[PDB]
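Peer 1: Dropping a structure here in structure tokens format, bear with me for questions.
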């Protein structure tokens, strides 16, 4: 059983910059008769199913940009992205089909870019959720970089930690940013008691938190 | 149009079996091998095995021999994978792949993957709640959202105006809390579009065959 190995396991570069990535096999993938290496390279963008990039170690498949290039032979193989784009965010897997099939562990390409403060929005409970007895206050902190960001919830000025649920998107393929949703969930009774609800985002781009709030009894 | 069409999502009980179809159209189904590939949540890809539909001869990864069983129906151009006596370890996305054996030896076409969750937890449909913006001073683009709360299992798909609104959408990966998932999505559109026009969010939950549309009204 041919073992396959990729390095590095993660990888982060700027749009327009070159990036290479390595793939090793425990045995030679070259067939002496055909002169061909049975090593292929695939790209799996976030949410999507994988896509074939290169086969026979160096032959670029249809529907694949010319900036992708494969090279190597025997047991050492390389994938060059010659000018990385935002769209190229993905895990890249090499795979042998010389005997059975083995995929590498993957090389994650993260895209680095100029910092961005988050666009914060706060949403009171839907009238529909409050009818059912429940009360979720949601905060979207959109289009920020880098990915480290804290969120805090204040209730009538006092911090609240129980009942929060946080969720990060993968990096965006168009602008290289990240996003996060944070949801503070409560009963309707508990929600009905208090009046001011406040979502604070602490991010590298400011030392001052970005604050968004609303008053329940208002418009 | 070489297309590989895989069934929607599966909940299956521990100790039992799932049989999953991969329906092939756009080519001579018997001229190509079908490969099946596993992908656990936030993991690399793993090759399950391959079936030559012309002969029915199968090969596998030896980890899955006796766990996964591969068949093909030449009449209906449909490959199948059965997984028997399943455990939480079998929870994953499963792809089928067209496998150009004897020439490129690579998987040039991938189906869209079948999500398999192993649990005796019940199928629960989501509650979908509109997120209309409050009282605030935050004024050229408006951001709205949908809270999709209290469903099992994954996945749900979320679209805005049935897919018309594609740019400026962020759907956030669900989070499991106490046998129940919650997820959220946001859409960002011009202030000239809403509320003068309609922004509706479409929630499909194929496990419970739910499709809900939640119209985003103001206030």
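Peer 1: Sequence gap at least 6, Cα distance under 8 Å: using those rules, report the relative contact order of region B:2-121 to the nearest whole percent.
Peer 2: Once normalised by length, the contact order is 36 percent.
Peer 1: Roughly how far apart, in whole Å, are the Cα centres of region B:37-96 and region A:26-64?
Peer 2: 21
Peer 1: Next question, about the same structure. Averaged over peptide B:120-131, how many Cβ atoms belonging to another chain are found within 10 Å of each residue's Cβ?
Peer 2: Shielding by partners across B:120-131 averages 3.
Peer 1: Next question. Quick check: from the Cα gyration tensor, does chain B come out rounded (a/c under 1.5), prolate or oblate?
Peer 2: It is prolate, given that a/c is not under 1.5 and a/b is the larger ratio.
Peer 1: Here is a further query. Roughly what % antiparallel, to the nearest 5, for the DSSP beta bridges in region B:2-121?
Peer 2: Taking every DSSP beta bridge within region B:2-121, about 90 percent pair in antiparallel fashion.
Peer 1: Further question on the same structure: Given labels modelled 7 Å from the Cα in the Cβ direction, how far is it in nm from residue B:120 to residue A:128?
Peer 2: Here the answer is 3.4 nm between the modelled labels.
Peer 1: Find how many whole Å separate the alpha carbon centroid of region B:2-25 from the alpha carbon centroid of region B:173-219.
Peer 2: 26
Peer 1: In nm, what is the difference between 0.36 nm times the number of residues separating residue A:175 and residue A:156 and their Cα-Cα distance?
Peer 2: 3.2 nm
Peer 1: A follow-up question, please. Would you mind checking region B:166-189 for residues with the amide N under 14 Å from a putative spin-label position 7 Å along Cα→C-beta of residue B:210?
Peer 2: B:180-184
Peer 1: Going by how many other Cβ atoms sit within 10 Å of their own, how do B:90, A:148, A:110 line up, fewest first?
Peer 2: Listing B:90, A:148, A:110 from fewest to most nearby Cβ atoms yields A:148, A:110, B:90.
Peer 1: From the Cα gyration tensor of region B:2-121, with a ≥ b ≥ c the square roots of its eigenvalues, which class applies: rounded if a/c is under 1.5, or else prolate if a/b is larger than b/c, or else oblate?
Peer 2: Since a/c reaches 1.5 and a/b is larger than b/c, the shape of region B:2-121 is classed as prolate.
Peer 1: Can you tell me how the protein assembly as shown classifies by the Cα gyration tensor, rounded, prolate or oblate, using a/c under 1.5 as the rounded cut?
Peer 2: Prolate, because a/c is 1.5 or more and a/b exceeds b/c.
Peer 1: Please compute, for peptide B:92-105, the average count of beta-carbon atoms on other protein chains lying within 10 Å of each residue's beta-carbon.
Peer 2: Per-residue shielding by partner chains comes out at 3.
Peer 1: In nm, to one decimal, how far is the modelled label at residue A:28 from the one at residue A:207, with both set 7 Å along Cα→Cβ?
Peer 2: 6.3
Peer 1: Moving on. For residue A:62 and residue A:166, what is the calculated FRET efficiency with R₀ set at 56 Å and r taken between the beta-carbons, to the nearest 0.05?
Peer 2: Given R0 = 56 Å and the Cβ-Cβ separation, E is 0.85.
Peer 1: To the nearest 0.05, what FRET efficiency results for residue B:197 and residue A:14 with a Förster distance of 30 Å applied to their C-beta separation?
Peer 2: 0.20
Peer 1: Separate question: Kirkwood Rh over Cα pairs of chain A into Stokes-Einstein at 37 °C, 0.692 mPa s: D in µm²/s?
Peer 2: 161
Peer 1: Taking beta carbons within 10 Å but only from partner chains, what does the mean come to for residues A:112-124?
Peer 2: The mean count of partner-chain Cβ atoms within 10 Å per residue comes to 3.
Peer 1: To continue, here is another question. What nm value, rounded to one decimal, do you get for the distance between residue A:83 and residue B:30 when each label is placed 7 Å out toward the C-beta?
Peer 2: So the label points at residue A:83 and residue B:30 sit 4.8 nm apart.
Peer 1: Which order, highest average first, do B:78-85, A:80-87 follow once you tally other Cβ atoms within 10 Å for each residue and take the mean per peptide?
Peer 2: B:78-85, A:80-87
Peer 1: Could you please state, rounded to a whole Å, how far the C-alpha centre of region A:112-185 is from the C-alpha centre of region B:117-147?
Peer 2: The two parts, judged by their Cα centres, are 11 Å apart.
The numbers here are math on the coordinates, done by the rules we state, and not lab data. So basically every Cβ, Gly included, is an ideal-geometry build from the backbone, and we count neighbours across all protein chains shown.
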